[PDB]
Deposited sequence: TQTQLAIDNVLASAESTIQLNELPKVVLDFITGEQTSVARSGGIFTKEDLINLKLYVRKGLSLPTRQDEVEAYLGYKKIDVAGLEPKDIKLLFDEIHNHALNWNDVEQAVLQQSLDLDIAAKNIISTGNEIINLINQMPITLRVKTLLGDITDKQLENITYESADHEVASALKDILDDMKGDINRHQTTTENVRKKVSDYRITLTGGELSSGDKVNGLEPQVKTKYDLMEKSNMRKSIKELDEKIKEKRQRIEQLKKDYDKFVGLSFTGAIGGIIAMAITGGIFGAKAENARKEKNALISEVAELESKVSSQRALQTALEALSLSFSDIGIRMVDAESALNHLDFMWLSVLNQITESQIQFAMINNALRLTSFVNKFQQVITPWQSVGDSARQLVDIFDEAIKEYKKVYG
């Protein structure tokens, strides 16, 4: 069944949804960016989803109050139907069995109300009235319970996705959070960043490799001084050239590295924002999945309760003037039996609300 943790998880999801920023500049401050250049993750995209979550959270208390008040109402409705049904059965069973088996319900109602006057006329009229009132009462509880179930179902489908009772189809807030979360992961830079770090270190070692070979070749260029004048011309030309090839290649890589470190710095910036947004969407999504499970329980409970009321209503429709009174008592028992289940479930739900409210004090 729907438990107190289920109700607390709904309140926790609503509180998270209402705390989401919805103003565009606040969503941007929350994201840490004005543009990310990933489809579906731009601040306008995130705001649209936060607006939908916020509106859904705003709508919980209408459902919550309908659920709790309907449980309070069905509690005392079940109690009244069972006790009044039992009183009616007891009244009938005061008739001797030799008469009960052959007397029809119409004999103790309609056939007393067609002629002219009686005490049995008044009680027979009151018996006909209380049956009519109970029939209408059970129809009313079916109608209101169907509406509560519809509110819970629509609240659930808004979270899961699907077709609402209005016929509108909605994508589902939880699958939408999941899509964006998946886009953040398809967009991750961690491997790109690591391969760029690797190339900065490697070119930052080669820049140093022939700073030493520049110092070598320029030393080598002087080793014509052994011969003197034209041995220095040939050592100067050959090794002076190899020394500049090393310097030129060096200056291409110092420019290369400054670019690559600017690039990797921006890729790290994107990753940091992705990781932050991922964590927020994970928190939202966990709150949603717990709320969804809570609503699965609540929806199933209200479908089951509605089914019991409908069972009672169908049995009540079988009561008619031509039932022998022994058959009537058996059918009236079949009318009130489903209401034990309805009342037990309704009282259980009221008590879960009570225990969920008390949980705050027990924790703090």
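Enquirer: Residue ranges with no C-alpha coordinates, please: along the deposited sequence, counted from 1, in order.
Expert: Those stretches are 1 to 43, 161 to 162, 410, listed in order.
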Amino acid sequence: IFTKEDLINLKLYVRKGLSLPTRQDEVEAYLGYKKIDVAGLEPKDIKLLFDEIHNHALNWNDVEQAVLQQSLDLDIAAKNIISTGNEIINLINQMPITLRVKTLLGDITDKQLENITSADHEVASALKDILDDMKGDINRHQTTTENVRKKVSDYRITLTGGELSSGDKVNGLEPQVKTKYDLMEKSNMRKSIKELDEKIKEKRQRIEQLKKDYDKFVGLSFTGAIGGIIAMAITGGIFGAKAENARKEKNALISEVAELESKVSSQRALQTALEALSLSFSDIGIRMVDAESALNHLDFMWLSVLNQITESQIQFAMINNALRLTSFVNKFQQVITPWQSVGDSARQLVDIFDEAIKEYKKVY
From here on, numbers count along this sequence of modelled residues.
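Enquirer: Averaged over C-alpha atoms, is the B-factor higher for 152 to 160 or for 94 to 102 in this PDB entry?
Expert: The entry gives the higher C-alpha B-factor average to 94 to 102.
Enquirer: Using only C-alpha atoms and the B-factors in the entry, which stretch averages higher, 186 to 194 or 134 to 142?
Expert: Looking at the record's C-alpha B-factors, the answer is 186 to 194.
Enquirer: From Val177, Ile286, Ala124, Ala246, which pick has the Cα B-factor that tops the rest in the entry?
Expert: Most elevated C-alpha B-factor of the set, per the entry: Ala246.
Enquirer: Among the choices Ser262, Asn171, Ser166, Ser293, identify the one whose CA B-factor in the record is greatest.
Expert: Of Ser262, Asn171, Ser166, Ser293, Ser262 has the highest C-alpha B-factor.
Enquirer: Using only modelled residues of the chain, where does the Cα B factor of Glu114 rank: lowest third, middle third or highest third?
Expert: According to the entry, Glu114 has a C-alpha B-factor in the chain's highest third.
Enquirer: Ranking every modelled residue in this chain by its Cα temperature factor as given in the entry, which third contains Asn80?
Expert: According to the entry, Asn80 has a C-alpha B-factor in the chain's middle third.
Enquirer: What third of its chain, lowest, middle or highest, does the C-alpha temperature factor of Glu208 fall into?
Expert: Highest third, going by the recorded CA B-factors of the chain.
Enquirer: Which third of the chain does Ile89 land in by C-alpha B-factor: lowest, middle or highest?
Expert: Ranked within chain, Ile89 CA B lands in the middle tercile.
Enquirer: Name the third of the chain's ranked CA B-factors that contains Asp215, choosing lowest, middle or highest.
Expert: Tercile = highest for this residue's CA B-factor.
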